[PDB]
Amino acid sequence: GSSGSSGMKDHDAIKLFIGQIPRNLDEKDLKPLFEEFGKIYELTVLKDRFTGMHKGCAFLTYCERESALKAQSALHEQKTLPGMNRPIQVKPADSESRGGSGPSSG
């Protein structure tokens, strides 16, 4: 083809954590959108089997690291699902070294 790019997700993929989503959607209904932005490799909607049937959120994995960035800033505070007063939040499930607060002496 022209663009092609039919391969596999990068070795170190980024797990984008999406929040502010109602428990009335479906992976086949959410994957599409993102798919238009990036070649999603795997999608999973955090859904417990005890009480957290739906943690009003879902995990997304973009094949290309860069791509994710696009959809992130492209979607983040950009799209607002029906029923949610606030827009859709998009942030990577990364843990930045931190754990301290409490200045003094000015």
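Among the listed pairs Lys47/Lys70; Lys70/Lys91; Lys15/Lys47; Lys15/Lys55, those whose Cα-Cα separation exceeds 18 Å are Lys47/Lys70. Straight-distance candidates among the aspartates and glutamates for linking to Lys79, with alpha-carbon spacing under 18 Å and chain neighbours fewer than 8 residues away dropped: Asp26, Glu27, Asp29, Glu35, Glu36.
Taking 7 Å steps out from each Cα toward its Cβ at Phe59 and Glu77 produces label points 2.7 nm apart.
Where does the longest stretch of the chain lie that holds no trypsin sites (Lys or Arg not before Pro) found in a DSSP loop with 11 or fewer other Cβ atoms within 10 Å? Value returned for the longest uninterrupted segment is 50-78. Computed 3J(HN,Hα) for the stretch 89-94, one whole-Hz value per residue from the Karplus formula 6.51 cos²θ - 1.76 cosθ + 1.60 where θ = phi - 60°, is 9, 10, 8, x, 7, 9, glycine and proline marked x. Kirkwood hydrodynamic radius computed over the chain comes to 15.5 Å, based on all pairs of distinct alpha carbons. Using the Karplus relation 6.51 cos²θ - 1.76 cosθ + 1.60 with θ = phi - 60°, the per-residue 3J(HN,Hα) values for the stretch 20-30 come to 6, 10, x, 8, 10, 9, 9, 4, 6, 9, 9 Hz, with x marking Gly and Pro. Summing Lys and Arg as +1 and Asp and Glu as -1 over all other residues whose Cβ lies under 12 Å from the Cβ of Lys91 gives a net charge of -2. Less than 5 angstrom separates the built amide H of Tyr41 from those of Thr61, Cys63, all sequence-distant by 5 or more or on a different chain. Each residue, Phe50 and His11, gets one label point 7 Å from its Cα in the Cβ direction; the gap between the two is 3.7 nm. Per-residue 3J(HN,Hα) values for the stretch 65-74, derived from phi via the Karplus relation 6.51 cos²θ - 1.76 cosθ + 1.60 with θ = phi - 60°, read 4, 3, 2, 2, 3, 4, 3, 4, 5, 6 Hz in sequence order (x marks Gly and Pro). Using the rule -39500 (n - 2.57) for each DSSP H run of four or more residues, divided by the residues of the chain, the 222 nm mean residue ellipticity is -6500 deg cm²/dmol.
Note: ideal-geometry Cβ built from the backbone for every residue, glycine included; neighbour counts use all protein chains shown. Each value in this text was obtained by applying a stated rule to the coordinates, not by laboratory testing.
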